[PDB]
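Presented below, as structure tokens, is a lone chain in the form solved without the ligand.
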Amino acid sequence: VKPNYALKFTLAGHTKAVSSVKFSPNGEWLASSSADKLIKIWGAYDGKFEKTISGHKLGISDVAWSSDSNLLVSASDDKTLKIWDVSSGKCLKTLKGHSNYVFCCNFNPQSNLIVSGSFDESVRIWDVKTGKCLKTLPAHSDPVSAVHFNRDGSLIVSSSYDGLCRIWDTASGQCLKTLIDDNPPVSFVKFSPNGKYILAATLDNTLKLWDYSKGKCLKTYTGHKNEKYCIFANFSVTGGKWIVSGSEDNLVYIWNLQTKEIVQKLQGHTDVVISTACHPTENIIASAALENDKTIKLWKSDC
């Protein structure tokens, strides 16, 4: 069984490179962040442009939704993160503390906390309600490329250009694990929906499925191009069990999680596919491309 992802909608509006696309947990919306300093909201099923959210002084590298789908958090080159009330478009808080580009961000499941990663080499844990930085983790010795909470928010996984993936205890801020045959820059990391595995991408055209407890590599996925960009990868769980990733050859790659075989390549983009997202309940992939393309694509499969 292979998926049958076909193009349904192309979403144009950003005037500079799109950096990140994320589906709201309620499945109604898609949020996009761009180098044009804007956040855009789009209908998840019809690609219908909804609204623009502005405020950042420089471009945005990442965006994430709260669990109730009411708030967004964005990570900007302006060295801040901003918390937004989606319906009103208001900026609730400006998160200050990072001394360089804020690259990545995520809410925890309870959505009372925000995790962020920066070029300043740190991981920061923020209180949503107050906007205060609760902890600064001396995480890495190079830019932090990704940050993600596990299923119950008790763990944080971070990745960096230093070649490491680190597992952190949310409550204490203590480093619980360091994942090390070589150390190529780690451009992306995230926990599996069950929280037992971590999917990590490295700038050597390789994606790896790790078992965090045992520190063992279970699966390796290749065939795509990834040597310069921090491309988002995902676990597609609505139909068949796939690994979805963007690629520097302008394609969306889909692998069978178990066999590691490429099951689909999506053609359509005209620049690096920097970001992909999988809909929480429907077999829908959102993809986003860089400066020379500027569009977002919505693809759907029967399985």
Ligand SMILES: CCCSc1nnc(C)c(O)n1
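Start at 1 and count along the sequence shown; that's the residue number.
Below, we turn to the form solved in complex with the ligand, even though it does not appear here.
Residues with any non-hydrogen atom within 4.5 angstroms of the ligand in the deposited bound form fall in just one of 236-244, 48-56, 65-73, 262-270: 236-244.
Contact annotation: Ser192 falls within 4.5 Å of the ligand in the deposited bound form, judged by heavy atom distances. Contact annotation: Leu257 falls within 4.5 Å of the ligand in the deposited bound form, judged by heavy atom distances.
Under a 4.5 angstroms non-hydrogen atom cutoff, the ligand in the deposited bound form lacks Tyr212 among its neighbouring residues. Looking at 266-303, the one residue that comes within 4.5 Å of the ligand in the deposited bound form, counting any heavy atom, is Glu282.
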